[PDB]
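These are the residues of each chain, in order.
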Amino acid sequence: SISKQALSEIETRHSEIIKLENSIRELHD
Amino acid sequence: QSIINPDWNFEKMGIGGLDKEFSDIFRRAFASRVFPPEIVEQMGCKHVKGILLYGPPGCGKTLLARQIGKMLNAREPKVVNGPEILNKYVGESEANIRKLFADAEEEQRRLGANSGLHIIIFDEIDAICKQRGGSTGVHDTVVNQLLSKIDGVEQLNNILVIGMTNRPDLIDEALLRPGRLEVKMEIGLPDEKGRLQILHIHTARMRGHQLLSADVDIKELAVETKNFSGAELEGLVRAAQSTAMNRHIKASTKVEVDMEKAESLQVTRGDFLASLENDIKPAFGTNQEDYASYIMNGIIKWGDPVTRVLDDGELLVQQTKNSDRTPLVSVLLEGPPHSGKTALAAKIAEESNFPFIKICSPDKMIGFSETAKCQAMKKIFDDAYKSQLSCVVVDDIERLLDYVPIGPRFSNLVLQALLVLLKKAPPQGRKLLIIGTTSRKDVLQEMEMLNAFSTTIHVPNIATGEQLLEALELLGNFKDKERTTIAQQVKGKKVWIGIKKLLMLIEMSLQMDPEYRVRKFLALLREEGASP
Amino acid sequence: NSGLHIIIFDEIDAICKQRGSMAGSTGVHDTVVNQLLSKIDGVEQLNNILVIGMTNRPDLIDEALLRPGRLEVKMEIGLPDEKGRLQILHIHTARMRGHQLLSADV
Ligand SMILES: Nc1ncnc2c1ncn2[C@@H]1O[C@H](COP(=O)(O)OP(=O)(O)OP(=O)(O)O)[C@@H](O)[C@H]1O
Ligand SMILES: Nc1ncnc2c1ncn2[C@@H]1O[C@H](COP(=O)(O)OP(=O)(O)O)[C@@H](O)[C@H]1O
Ligand SMILES: [Mg+2]
Ligand SMILES: [Mg+2]
């Protein structure tokens, strides 16, 4: 009876990307 | 081509006393791992994959398992230190259980019939692997996850599990079937030869550097210590060493004088014999402290009715020590209140020289419920089956049942436990003896408790002037003139007084001035008079 | 070579499968005590600890916690007497004396 157990959940943070590729590639070109 | 260490020998193992058990364990669990592989493969047999060691606690179970582990050319053994696997989240204990066998499966899939042995040592298998039943929480899932791994749909052939526990019957039955944990051994208390070997093993090192005096003897110590368990032997040796060392902290190094006197240190027989009486107290042995607390003022001889009781007790002890068709005996002491029946039972028990003696009185169970009393009595009766002689005393039977004349009222459950226990012989060979003590024989006769007991004895009160005078003379109070006056006044009539009540009237009378003492004593004795 | 690592417990009787024998139900599922024992001595050995336990109800202490190799030296701290009270009154009154705050009458 004393045995009480638990389940859980999680989150994330995330960052920025998508177009930096274009700037870097244009510089290299 | 070897599975064992190339260099080994049992005499170096450090274990002493367990010889036949080791031989049987080797025959069962190692006969088919040391034969040339060709013959074994031709036979088509499978190796044993389990061992279960159980017995009294503190006799060297962990040591044998660890030494069997460090034995082999097997990889270093893992360890699951009892309740190290429990967790609060859902489905985490199973991860812990499954993590152990990973390497064995990896090796079995990689190699085949060639891998190296893996050993898993499981401490207190009783803690978790309980019976699979209502819900128990996590017990039912862990037991299944375990049973489904040692022998399941996939086959392992390079594993071996050792399980240690002191209570063997609380393990789930399925677990203990041929195919899983199979060979089960019992490690008990050691007899003389075991104690001799253990003492040699524990004293060899001191003997090496000459540090041991020539006065000490080991055979005598082995003889004198009976029903000591190994751990207690090590404790005794350590106590002796500490006492010997402390003998010098007040003579040479206390004054910072030349250490040559301190360097002449040598443990002698005196250290051991003075450490066998004030440091170590066995758990399955006689304990010389209670008897000095129950017979408070000795056993004086006030007449005939003491000698007869003592002689009968001696006869009963002698019968129970030398008979084969009658292993269990009983006896009941009874008499009027304030007569002495807990100071004549203790003497009979203590004058027997049995290696086990115990007293179970109601004074140390104040406030207990019924089940607590039942489990206390059963625990005290468990020990007596683990020594080859014993004597258990049940004191004041009528206060255990919680009797009270109105009603009547009492506890059924304790009575049933007692009635079942008074007719249970110990395992083969051993002996026993039980003594009771009550003051209400008739009420016992009604409950049908005088069929169990095999005899009874009667302890009487003081019933004639001569005996009262003799008791007063031996106790050492009152002078010649007072003695004469008491004798002349009390001789004509008769008296009926217990022997634990006289010690109180003496005190009540010894509190007045010297002139009125005898008069007050006579008045008190007359008032507190009656007849059967 | 590591030096001592002394651990001081307190009210150690709070965790014992003996207080549940009396009228009541608190055995802390008993597993607590198991763990502690297995750490002092057992399969894996340690050679630097000086566990000191102190309790106020000596009668509720488990029995498996007093065999040799474990907590194995008992002792009793009794109430003080006239000399003890005198000494302990002097100790707690040395500060004021040095500064003459304490009157000479007392
Ligand atoms: N010959 C004797 N027989 C019995 N007791 C004796 C004798 N000589 C002295 N005594 C003293 O008698 C006292 C008996 O105390 P005890 O508590 O055993 O009495 P009891 O009447 O048997 O007790 P209970 O009423 O609890 O059954 C002990 O202190 C013992 O010292
Ligand atoms: N057969 C034996 N010979 C020598 N010493 C022993 C033996 N059995 C136990 N001992 C001593 O007892 C001590 C602890 O034993 P332990 O492994 O705790 O047994 P258990 O775990 O069964 O109580 C060891 O230090 C060891 O010296
Ligand atoms: Mg009594
Ligand atoms: Mg152990």
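Calculation notes
Residues numbered from 1 in each chain as written, not as in the entry; some residues may be left out. Chains lettered and ligands numbered in written order. Part of a larger assembly, values for the part shown. Heavy atoms only, no water. UniProt positions renumbered as here; feature names shortened; annotations may be inferred. Helix = DSSP H or I, 4+ residues; strand = E, 2+ residues; numbered from the N terminus. Rg over C-alpha atoms; globule rule 2.2 N^0.38 Å. Buried < 20%, exposed > 50% of the residue type's maximum accessible area, 1.4 Å probe, protein only. Areas by Shrake-Rupley, 256 points an atom, 1.4 Å probe, with all protein chains shown as cover. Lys, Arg positive; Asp, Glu negative; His and termini not counted. Charge placed at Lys NZ, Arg CZ, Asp CG, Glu CD. Expected span 1.5 Å × (residues − 1). Contact = heavy atoms within 4.5 Å. Polar contact = N/O pair within 3.5 Å; in protein donor to acceptor, adjacent residues only side chain to side chain.

Looking at the PDB entry, one finds chain C named Vesicle-fusing ATPase, with Cricetulus griseus as its source organism. Per the PDB record, the entry is named "22bin20S complex (NSF-alphaSNAP-2:2 syntaxin-1a:SNAP-25), hydrolyzing, class 15".

As annotated in the PDB entry, chain B is Vesicle-fusing ATPase from Cricetulus griseus. What the UniProt record of chain B gives under Catalytic activity is the line "ATP + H2O = ADP + phosphate + H(+)". In UniProt, chain B has this text filed under Subunit: "Homohexamer. Interacts with GABARAP and GABARAPL2 (By similarity). Interacts with GRIA2 (By similarity). Interacts with PLK2, leading to disrupt the interaction with GRIA2 (By similarity). Interacts with MUSK; may regulate MUSK endocytosis and activity (By similarity). Interacts with CDK16 (By similarity)."

Enquirer: Could you give me a rundown of the overall build of chain B, with the residues and numbers involved?
Expert: Secondary structure assignment for chain B yields 22 helices and 10 strands. By the compact-globule yardstick of 24 Å for 532 residues, chain B is too spread out, its C-alpha radius of gyration being 32 Å. Across the 532 residues that make up chain B, the buried fraction comes to 41%. Accessible area of chain B: about 30600 Å², with a carbon and sulfur share of 51%. Considering chain B, the positive charge centre built from 69 side chains and the negative charge centre built from 72 side chains are found 2 Å apart.

Enquirer: Go over helix α15 (residues 370-383) of chain B, please, and point to the residues and values.
Expert: All names here are of chain B. Here α15 contains 14 residues, and its C-alpha end-to-end distance of 21 Å stays within 8% of the 20 Å for a straight helix at 1.5 Å per residue. If you check which residues of α15 are buried, you get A372, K373, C374, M377, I380 and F381. Along its buried surface, α15 packs onto β7 (358-360), β8 (392-394), α16 (397-400), α17 (412-421) and β9 (434-438).

Enquirer: If you had to explain the UniProt feature "binding site: Mg(2+)" in chain B to someone new, which residues and values would you point to?
Expert: All names here are of chain B. According to UniProt, the positions carrying the feature "binding site: Mg(2+)" are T342. In contact with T342, other than residues within four places in its own chain, are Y294, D395 and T437. Looking at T342, its side chain comes within polar contact range of the side chain of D395, at 3.0 Å.

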